[PDB]
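Summary of structural features
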Amino acid sequence: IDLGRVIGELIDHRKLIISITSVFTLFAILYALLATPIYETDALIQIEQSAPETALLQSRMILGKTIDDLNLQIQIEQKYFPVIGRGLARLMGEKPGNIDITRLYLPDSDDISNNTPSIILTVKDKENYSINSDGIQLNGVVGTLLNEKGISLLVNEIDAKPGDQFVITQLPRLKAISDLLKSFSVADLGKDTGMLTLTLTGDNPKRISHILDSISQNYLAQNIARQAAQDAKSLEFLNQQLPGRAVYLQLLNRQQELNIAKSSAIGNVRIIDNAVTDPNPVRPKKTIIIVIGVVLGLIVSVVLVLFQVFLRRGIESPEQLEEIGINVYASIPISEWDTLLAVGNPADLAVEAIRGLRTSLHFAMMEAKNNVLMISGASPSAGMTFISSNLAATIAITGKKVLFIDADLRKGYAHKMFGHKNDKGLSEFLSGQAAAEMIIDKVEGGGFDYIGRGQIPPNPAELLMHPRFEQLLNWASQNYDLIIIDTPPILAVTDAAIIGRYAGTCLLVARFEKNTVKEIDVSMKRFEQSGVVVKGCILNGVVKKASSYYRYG
Amino acid sequence: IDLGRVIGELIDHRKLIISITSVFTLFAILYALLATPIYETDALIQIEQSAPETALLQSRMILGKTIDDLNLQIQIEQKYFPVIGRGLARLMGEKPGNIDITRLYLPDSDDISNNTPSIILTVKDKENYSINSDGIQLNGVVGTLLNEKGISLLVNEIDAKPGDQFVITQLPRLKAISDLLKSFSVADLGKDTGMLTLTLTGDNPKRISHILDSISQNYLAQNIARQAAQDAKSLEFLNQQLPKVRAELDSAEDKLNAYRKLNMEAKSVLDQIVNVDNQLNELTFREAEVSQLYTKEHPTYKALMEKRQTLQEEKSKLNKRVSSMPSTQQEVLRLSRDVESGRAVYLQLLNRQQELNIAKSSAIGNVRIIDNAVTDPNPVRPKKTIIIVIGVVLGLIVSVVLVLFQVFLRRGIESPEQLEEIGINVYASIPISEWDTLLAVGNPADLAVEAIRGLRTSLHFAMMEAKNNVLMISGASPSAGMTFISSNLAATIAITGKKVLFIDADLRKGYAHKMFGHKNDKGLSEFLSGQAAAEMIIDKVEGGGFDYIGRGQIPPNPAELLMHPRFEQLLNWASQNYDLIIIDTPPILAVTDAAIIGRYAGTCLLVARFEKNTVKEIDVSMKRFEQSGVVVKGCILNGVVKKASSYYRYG
């Protein structure tokens, strides 16, 4: 988990980490290139406070007058069936479609849920067009207003590209307020200065400048209207109260004072400069999400790789087994590769390591009480028969006579791999229905005598206790230089602990990443309980990255 | 990781550190000497608050007036094909080129992406010149304006150096405002005082001082428009003029609707005439103010009449072009001219009424300018000695982060103490020799040979009372130098006067016979196979003076051969007919041959390259030797660099 280990596993998993980081950056870049650009326009309003004005601008009288001025409750979008059709259309350089509807009146379904009757325009040419509400397509021409089925459309200046689809939505006036008010924004930047910087953000650049100018003009007009409206209510009741006659003349003097004031009462709000749209979109923020894509890919990659590190629990190196006090006799690397590897590809790495095992056993197998070696995998799929068979081959070619007993009576398949006469296997001998001679075979490849399990017997462990088995071993250890026995795991059945009574040397075979140290520890302790002293293990299937062996020649 | 050998390996990698820090400092030197200098000018403006003015000056109203005043939307640069041509041209002392365009009208491509049409001026002489837009080069002279292909250009007082290239960009008004505003800056420095320090930063010194003066004088003229506007008739003139102009606007759009209910040159000339008319209006109403604010002999007023005589020439040429094309186009062109000219005048008048009202509600009195803007001769950017020191520390920090990274990169052995911590008797540290014959007989006094003699003495002490006189030397890896050490050691022991036999039991890829001169037939493998006799395989290295046994042909079963008892017989015979027997074996990390021969060797040694083989390889090799019943006596470090070896010449 150290920095060195970190970089090691990173370069080892460089494919995964770069793949995930690159794919998230691909999502980021496609999103940055497909998200519609959003321009921002600004204006400067000057007054002589400004705290009421930042709230009166965003009031519904102001926005509500712009909406009715520009008909912004008539919403128009070019149709693109995919969620990214519009973005790719912009990327291709296609000029976006746009039309002007000066007067819209839907059939006004205006239901509780679907209060936005949605219609689609099919552009037929630059002059005529067709409108489908729910299938009923009404063909129409710009100029002439379409008044059918309670549906009133006055659409003019339709765009060029025909065949397009334009979704029209007569969303409610309150909605046409709320969206704008969401986009609209005000500030002061002087905390007392009359300057207000209105900002409106939107997609259609030319539209937002007009909308902001409309807001500014409405604000100008309404402030002119208010100061005058004070005097206007005064004037209204003066007009209502005119009938004493000298007082009538005094009221006429006040009337003439008030009347002109209304026309002349223009002030207190100022458009220092009308709205213009900044050509550079402010959103989507390029180079701010792509770096977020990079960092998101990096963080998720590390949080996944660390999770996988804390996932696996199998053996990782012989040092783990030697920590418990287990003499790992070999580390057989996994070979890329029906005949024996030790005779098919005699110079493979996995066979060089088995020769390295042969020498170490040859040293460790003298002083053993007899020349019978028992090899029991830690579990199925630990390769016990692979290692035992190749070891038998590599010891046969040396020149010693080897007998390879496959005492895995439960699911042993060595006879399925050496070529066999399935009759008269091992089990058929223990049952007493076969003699010691008709069971041995000759693997022509390895050159070592082979004894197969034969038929699966109903009672394996009961058979192995029969005293004929020790007779077999006593005879063979006199007629052979080495005897290798295959036995089932000790975590599953007790066959291994029965055969181990007669074996001089016993070894476990542990698959590299499959079997855990717990399985080896429990297996060795369970062998000891049964009076069988496990000599050591033979780590197997170690990946070539962690295997010390390499080609030499 | 400690100061002592921190300074140590920094003295070691001094070449690297000064190399890269110097590279970065040269990068900084060239950046500082090539970055275009930026000058800033400050002007001081006096009023009697000023918080509104800090944002009113930076409004598009005031800046937008200066842009239209100095034609700042016409951008010009000397063209340099490299990114650093301008800087190097300055470094040579070449006076930068500059020209003057009082009137530019590009073909107005103004696309969505390339909204800035670009042309290049090719300077022919001090008088004439040629301009290429996209290949069509139009030859023109100062004075007369070029009005061709919808392109109107009036350039005058062009620089001297001919053959140069001037890129011209008619960037839009908003861009020409935004860049200026980015460069422009205001402050107060009193937090209440009437002192407004204006600052403008730019490259061309004279250009910036003039721009700041124009800004200041526009603001002054606006606040004088205060004092003059209230009684001015212009207010009522605008009040009455707007309705009639909007009336003809309405009439013109009605005429468009009536005639509506695309020849390229038609739009080109239409846009050109409209631009000309807008400029003619704005210049008339501009003359309206320069006439009483300034005098006729004042050069600014002369500039107004000159640029309009230019504009009237341009309109005359445009009308000449209009007359020539078909009436089907002339009708539409006149109808569109009336219309968008009406909107242009209408927008102007709206503006006109607007800032005329700005005179009214401004409560400021006198807006005296204290001192006109002057540019600081010293450029403020690029900052000298503030990127250079950053270049220094950047090189230094990248040096430390790279050198420490390389420190934590290598994993090999670094000193015999690393092995002796594990418990390995390092018998020698053979230094690397600079140098086909044996080094022990080619250059007998080389340091590596003296260290090999030292190994000879240490062995001769340690090799006695071993069970026999056979020595097995096993490399920790291929390319650990096993055969170098073994061969030279055999030579150094043979010259002493002992009979030495050198068996190359590296049956897999042994090549000693390729180096001693050989009869390749009947090597070692041909003996284990039983097809050769014991005496027929032995040789004589004439140089070293020791008997040599080569591997012979590579057999298909090495480890199976080495187990044959003939190997036992050979060693038993030789150890009786020789004083010392050296055996070369393949690594034990790769094959099992070494653990087969170590069955019979009195002494076994590992050879480890200095920085290649790790401590783990030696540890694993010794433990795997022990598993096989072979006790490795010790190690022999090899190829140690002369910086770390204690050996030196003597004599």
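Residues numbered from 1 in each chain as written, not as in the entry; some residues may be left out. Chains lettered and ligands numbered in written order. Part of a larger assembly, values for the part shown. Heavy atoms only, no water.

For this deposition, the record names cryo-EM as the technique by which the model was determined and cites 3.51 Å as its resolution.

Per the PDB entry, the recorded name for chain B is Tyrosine-protein kinase, and the organism is Escherichia coli.

As annotated in the PDB entry, chain A carries the name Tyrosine-protein kinase and is attributed to Escherichia coli.

We now examine the overall build of chain B. A tally of regular secondary structure across chain B gives 22 helices and 19 strands. The C-alpha radius of gyration computed for chain B amounts to 47 Å, which surpasses the reference 26 Å derived for 651 residues by more than 25%, pointing to a less compact arrangement than a globule. Projected onto its principal axes, the C-alpha coordinates of chain B cover approximately 135 × 65 × 45 Å. Total accessible area on chain B is roughly 34200 Å²; 56% of this is exposed by carbon and sulfur atoms. (Helix = DSSP H or I, 4+ residues; strand = E, 2+ residues; numbered from the N terminus. Rg over C-alpha atoms; globule rule 2.2 N^0.38 Å. Areas by Shrake-Rupley, 256 points an atom, 1.4 Å probe, with all protein chains shown as cover.)

Moving on to unusual backbone geometry. For the bond running from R283 of chain A to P284 of chain A, omega is 5 degrees, close enough to zero to count as cis. With respect to the helices and strands, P284 of chain A occurs in the loop between β11 (270-283) and α9 (290-309). In this chain, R381 of chain B is followed by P382 of chain B through a cis amide linkage whose omega measures 0 degrees. Structurally, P382 of chain B can be placed in the loop between β12 (369-375) and α12 (388-407). Its identity is not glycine, yet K149 of chain B carries a phi of approximately 55 degrees, on the positive side.

All names here are of chain A. Among the five residues that make up strand β5 (residues 128-132), four are buried, leaving the element largely enclosed by the rest of the structure. For strand β4 (residues 118-123) and β5, the ladder comprises four bridges, and the chain directions are antiparallel. The partner of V123 across the bridge, within β5, is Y129. The loop that links β4 with its antiparallel partner β5 comprises four residues. (Buried < 20%, exposed > 50% of the residue type's maximum accessible area, 1.4 Å probe, protein only. Pairing = 2+ DSSP bridges.)

Let's shift gears to the sheet that holds strand β12 (residues 327-333) of chain A. All names here are of chain A. In spatial order, the strands read β12-β18-β17-β13-β16-β14-β15; together these seven strands make up an open sheet with parallel pairing. Every interior strand has two partners, whereas the edge strands, β12 and β15 (449-451), have only one. The average angle at which neighbouring strand axes cross in this sheet is 20 degrees, direction not considered. Where strand β17 (residues 505-511) lies against strand β18 (residues 536-542), five bridges are found, and the strand directions are parallel. Residue pairing for β18: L507 is matched across the bridge by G536. Strands β14 (402-405) and β16 (482-487) of the sheet are contacted by helix α17 (residues 468-479), whose axis makes an angle of about 145 degrees with β16. (Axes fitted to C-alpha atoms, helices over the stretch in contact; angles between N-to-C directions. Contact = heavy atoms within 4.5 Å.)

Further remarks concern the interface of chain B and chain A. Contact residues are listed per partner, giving 35 residues for chain B and 33 residues for chain A. Summed over both sides, the interface of chain B with chain A buries roughly 2900 Å², with 55% coming from carbon and sulfur. Sorting the residues of chain B by area buried against chain A places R60, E560 and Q627 of chain B first, and these three jointly supply 22% of that buried surface. At the junction of chain B and chain A, the tally comes to five salt bridges. Of the charged contacts in the structure, one is a salt bridge between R355 of chain A and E560 of chain B, with a shortest N-O distance of 2.8 Å. Linking chain B with chain A are 14 residue pairs in polar contact. Of all the secondary structure elements, the ones that give two or more residues to the side of chain B that touches chain A are α3 (51-56), α4 (60-70), α11 (327-360), α19 (558-562) and α22 (615-627) of chain B. (Buried area = accessible area lost by both parts, 1.4 Å probe. Salt bridge = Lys/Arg side-chain N within 4 Å of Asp/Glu carboxyl O. Polar contact = N/O pair within 3.5 Å; in protein donor to acceptor, adjacent residues only side chain to side chain.)

Residue and element names in this part refer to chain B. It is at 4 Å that the axes of helix α1 (residues 3-12) and helix α2 (residues 14-34) come closest, and there the two elements cross at 70 degrees. When the axis of α1 is compared with that of α2, the two are roughly perpendicular. For the pair α1 and α2, contact is made by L10, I11 and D12 and by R14, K15 and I17, respectively. Per-class residue counts for the contact of α1 with α2 are three nonpolar, no polar and three charged. (Parallel < 35°, antiparallel > 145°, perpendicular 65-115°, else oblique. Nonpolar A, V, L, I, M, F, W, Y, C, P; charged D, E, K, R; others polar.)

On inspection of all chains with the given rule, the structure shows 35 salt bridges over all chains. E9 of chain A is the salt-bridge partner of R5 of chain A, the closest N and O atoms lying 3.9 Å from each other. Of this pair, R5 of chain A and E9 of chain A are both found in helix α1 (residues 3-12), four residues apart, which corresponds to roughly one turn of the helix. The class of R5 of chain A is partly exposed, set by a relative accessible area of 38%. Among the salt bridges present, the one from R103 of chain B reaches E314 of chain B, with a minimum N-O distance of 2.8 Å.

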